[PDB]
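Visitor: Supplied in structure tokens, the structure appears directly below.
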Amino acid sequence: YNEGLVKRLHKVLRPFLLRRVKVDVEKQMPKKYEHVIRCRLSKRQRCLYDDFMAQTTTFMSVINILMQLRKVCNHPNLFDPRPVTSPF
Amino acid sequence: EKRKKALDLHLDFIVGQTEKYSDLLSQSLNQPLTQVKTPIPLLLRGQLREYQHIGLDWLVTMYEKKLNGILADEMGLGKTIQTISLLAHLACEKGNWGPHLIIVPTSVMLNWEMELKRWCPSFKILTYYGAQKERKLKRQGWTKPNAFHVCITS
Amino acid sequence: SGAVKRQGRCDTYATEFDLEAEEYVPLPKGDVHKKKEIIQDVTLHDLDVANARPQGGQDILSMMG
Amino acid sequence: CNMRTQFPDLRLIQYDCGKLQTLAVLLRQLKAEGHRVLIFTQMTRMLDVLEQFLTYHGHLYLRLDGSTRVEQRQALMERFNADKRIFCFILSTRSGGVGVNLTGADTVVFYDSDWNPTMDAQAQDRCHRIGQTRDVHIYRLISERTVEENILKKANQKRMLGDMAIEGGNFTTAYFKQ
Amino acid sequence: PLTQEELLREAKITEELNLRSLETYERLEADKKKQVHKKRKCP
Ligand SMILES: Nc1ncnc2c1ncn2[C@@H]1O[C@H](COP(=O)(O)OP(=O)(O)OP(O)(O)=S)[C@@H](O)[C@H]1O
């Protein structure tokens, strides 16, 4: 970290940029808080994620694998809903 | 080796010019009569907040210095109202009644038109919404001076 | 199989009342008509039973039998 | 009917995804304390799964996936601000524009994080704007040992870079006056 | 080529027209909003 470079950037942007944050301007504002919650994968999600990670290295690009993994992390039903079973 | 020195000296030159501009703006903004130089325009017909009035003064200062700037006020602080006050001030005092263009999102087009009508009914507002035939019909005879003051388009 | 199952009143109507005695369901998000291919695991005895004590006609005679 | 066809239990929806479990716990606790929660996700299919899960849990909700008409967006906003029964309002972050005034709510839960932290900030500001009289809480759900940790890492890196670049400088009239 | 006095004279007319238009819009919007919040039935 070279604080001089950052100060140089600030000075460069100084004559043109005007910034106002709600915290310093509007005091009469309720506070905000941010929470980060970790979750574990289910057996179905774990199997699908591991399968995709294995298929990653062998035709699908890193973007395709990335999107599939995001869908898996969202919900495994986004690939195939659990079947409704009925007699033959 | 020479690439680093050339880049450093070029950046130093740019920084020097920017510092000169910043010093000129600081000198212009520090002129005495809280001590806001730009008064409220009589055509504003509204009450601005203290920070809004400071923003208006900054906008007029940037205009007089003939410099472009970014207004990065966070969401909801009233950038639209500050801009409307700037236009009213310039038009009344500076005589800058000329046709101004305000480019906004289509969703915000109605809201901006409403704000313009609420704060400064004096301004001739032109709205560019509609199909090609309607747009051409509204454009008909727009080259005449003093035909429209503010144009809104997406 | 001609099997009709009512799953619920549509979720869009859950705000009309405060006590309706209904189980709401969201609107289906696929197509109205779907074709799904599945693999069924059966045995010969299952076929024999199905054809010896039939219950697939959904007629009165099947229930009577 | 039960002997003729068998449907998967709606409980299995939550059992197959850890996120849905934690979201159920958090939502029930939030309703117990008496709050209103806005859930933001990037995928509309996820919004469908959330509709199923919320209806199975019985939570009254509204949905705006950007496909509703503008006047219907305004109507839904006014209804949410007026009707207290609607516990949640599932939304798509990229949608809604800037005309939405959901100050009735007081909690926002991001089902997944956007790569652009400005989008998440805009979603938060959809509820945290002026004219809101309650503390606003943000909950972010992340899956361990998955891509979501990388998404959070990049989002935080972008937030830190933005803090250094714009928040580092005073960029205000106070600096010129001082 | 117009002067400040001409601009003020025109501004009076445009202000009257804009205020009338704004009043019409506000009335229509308030009525529409009230009608959306309305819900009625038959006896
Ligand atoms: N002092 C004031 N007097 C009257 N109206 C005000 C005042 N301050 C703010 N407002 C209102 O605030 C409304 C919303 O603020 P905006 O100007 O839209 O916020 P913004 O900075 O433009 O960012 P957004 O994206 O549009 S929320 C305006 O339409 C004004 O009517």
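Per Swiss-Prot, chain B residues shown: 223-255, 604-724, in order.
Going by what the header records, the deposited coordinates were determined by electron microscopy, 3.9 Å.
Each residue, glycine too, has its Cβ placed from N, Cα and C.
For B:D643, B:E644, B:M645, B:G646, B:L647, B:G648, B:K649, B:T650, the entry in Swiss-Prot reads ATP binding site.
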Visitor: Quick test of your reading of the structure: among the binding-site residues B:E644, B:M645, B:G648, whose CB sits under 6 A from ligand 1?
Guide: B:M645, B:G648
Visitor: Using a Cβ-Cβ cut-off below 8 Å, which of the binding-site residues B:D643, B:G648, B:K649 are near chain D?
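Guide: Near chain D, no listed binding-site residues qualify.
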Visitor: What is the Cβ neighbour count of B:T650 (ATP binding site) at a 10 Å cut-off, with all protein chains included?
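Guide: Taking every protein chain into account, the count is 17.
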Visitor: Which residue, out of the binding-site residues B:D643, B:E644, shows the minimum number of other Cβ atoms inside 10 Å of its Cβ in this structure?
Guide: B:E644
Visitor: Around the Cβ of B:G648 (ATP binding site), how many other Cβ atoms lie within 10 Å? Please give the count over every shown protein chain.
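Guide: Excluding its own Cβ, the number within 10 Å is 17.
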Visitor: Could you tell me which of the binding-site residues B:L647, B:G648, B:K649 sit with their CB under 8 A from some CB of chain A, listed in sequence order (or 'none')?
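Guide: Near chain A, the qualifying binding-site residues are B:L647.
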Visitor: Where does B:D643 (ATP binding site) sit in DSSP terms: helix, strand, or coil?
Guide: strand
Visitor: Please determine which of the binding-site residues listed here (B:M645, B:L647) has the lowest count of neighbouring CB atoms within 10 Å.
Guide: B:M645
